[PDB]
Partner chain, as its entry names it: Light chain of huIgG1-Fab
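In the block that follows, a single chain appears as structure tokens, in the form solved without the partner chain.
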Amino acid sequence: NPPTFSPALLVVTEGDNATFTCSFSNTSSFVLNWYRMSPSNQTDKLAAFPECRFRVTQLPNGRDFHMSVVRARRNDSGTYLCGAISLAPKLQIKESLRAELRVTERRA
């Protein structure tokens, strides 16, 4: 089973933190990557487990991970996913569906 990544739509105000949860369980090792997928120019691997403003933390149940943007900016808006990489016989990536982050302007 692929990771799930939630919430599917997270809206926060610029300056706030933004946290997605990637849930993935796999009996026998993995790397768990957090990718930005859009906008097309901005696609990038953000952060990883195990390894600035993007943090990935494994929760104590071992199956949930928090992927957090610290102090979200307007141009953090876009879509994101989590992908798990396995090497055990024998190597593949399983990605979640995307989730969207909307970062709302602080209009004075």
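Positions refer to the first chain, counted from 1.
Coordinates are given for every residue of the deposited sequence from residue 75 through residue 76, so that no gap is recorded there. The modelled chain breaks between residue 51 and residue 52, where 4 to 9 residues of the deposited sequence lack coordinates. Look at the C-alpha B-factors of 77-85 and of 41-49. On average they run higher in 41-49. The deposited model assigns a higher average Cα B-factor to 91-99 than to the other stretch when 5-13 and 91-99 are compared. Each of 58, 68, 27, 33 has a CA temperature factor in the record; the biggest one is found at 27.
There is another form of this protein, the form solved in complex with the partner chain, and it is not shown here; the text below is about that form.
Residues are counted as partner-facing when one of their heavy atoms sits within 4.5 Å of the partner chain in the bound PDB entry; in 6-27 these are 8, 9, 11, in sequence order.
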